[PDB]
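The data below hold one chain only, encoded as structure tokens and taken in the form deposited in one PDB entry.
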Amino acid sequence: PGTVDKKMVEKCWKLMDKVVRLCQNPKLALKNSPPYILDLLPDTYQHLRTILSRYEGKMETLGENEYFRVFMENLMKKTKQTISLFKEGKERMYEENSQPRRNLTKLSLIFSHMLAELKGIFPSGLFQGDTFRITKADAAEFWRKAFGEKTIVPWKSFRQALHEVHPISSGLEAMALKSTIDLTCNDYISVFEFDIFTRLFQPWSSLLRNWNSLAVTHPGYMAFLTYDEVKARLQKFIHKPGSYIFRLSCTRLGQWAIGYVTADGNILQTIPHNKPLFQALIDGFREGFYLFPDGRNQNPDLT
């Protein structure tokens, strides 16, 4: 992970520009719904402008900062990978269900996760990663004891530390845990990604049992899916009320979004409040709304 000089940031901006131009293509018919890459990249630029302006006379400080060096490398990588996607996919980028178009939607989500992370570590343009407040007290002491005040750790280090408190049963389960928590897809775990993961899969005391029941063995769960993709996916079940899927909210990171088909032909999405996801799924089953995960006749039991 290299040192960041102003000249590098101007180089990401030129590429981010290149992506915007590609994504302004009328053939894509991109909707405005979150995550919206034509807003996310201008807003990332603007927040990078803000960080830079708070470190006039202190660039040597900013460029040595580890989180920021990793962030900018991943931003170069992701931007370049988006430009390559357009090059290699060509007219398949405009075919609604094509794999290349799906890859663009997942990148759109990753760009959204990167911005939220960048704003959580640099609110107001100054680094505050070493004072980041983890949300679950439980989870908070785990990170302090293992990593002190570090903002970002390599996946391997995170994995080994977690294993000592919450044993991971296998290599394959470890790589599925990775795919879940590593929202920015950069093989590091930030304290912000750790806060998100432990909010979603609380209580910490049964962390990995929760994540196994809700994501690993649950056909309802949908990794890296957007609001629109959830609506389109449930469309094939419009005539099967009680069909439902659930995922991470893009705009409210740390909270769950449940999509379901109603008896009167609506596809609605809801974010549960003052109620863990477990309980909302159990009650939804009892009350008739959440019956058929991904349209399947059989529903996990969560008692």
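Each form is matched to the other, and the largest set of C-alpha atoms that superpose within 1.5 Å is called the rigid core. Numbers for residues come from their place in the sequence shown, where the first is 1.
Below, we turn to the form solved in complex with a partner chain, even though it does not appear here.
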- Query: Between the options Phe142, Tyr221, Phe71, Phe192, which residue brings a heavy atom to within 4.5 Å of the partner chain in the bound PDB entry?
  - Reply: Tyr221
- May I ask whether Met175, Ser179 and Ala215 all come within 4.5 angstroms of the partner chain in the bound PDB entry, judged by heavy atoms? yes
- Query: Would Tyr188 count as touching the partner chain in the bound PDB entry under a 4.5 Å heavy atom rule?
  - Reply: no
- Item | 4.5 Å heavy atom contact, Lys150 to the partner chain in the bound PDB entry | no
- With a 4.5 Å heavy atom cut-off, would you call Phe111 a contact of the partner chain in the bound PDB entry? no
- Message: My question is simply whether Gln81 lines the interface with the partner chain in the bound PDB entry - judged by any non-hydrogen atom within 4.5 Å.
- Response: yes
- Task: Pick out the one residue among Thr251, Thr262, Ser53, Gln46 whose C-alpha shifts by 2 Å or more between this form and the one not shown, once the rigid core is superposed.
- Result: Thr262
- Query: Is it true that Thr226 shifts between this form and the one not shown by 2 Å or more at the Cα, once the core is aligned?
  - Reply: yes
- Query: Core-aligned, is the CA shift for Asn274 between this form and the one not shown 2 angstroms or more?
  - Reply: yes
- If you line up the core, does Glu287 shift 2 angstroms or more at its C-alpha between this form and the one not shown? yes
- Item | Shift in CA distance, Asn274 and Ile134, in the bound PDB entry relative to the form shown here, given it is 3 Å or more | closer
- Query: What happens to the Cα distance from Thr226 to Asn74 in the bound PDB entry: does it get closer or farther than here, with a change of 3 angstroms or more?
  - Reply: farther
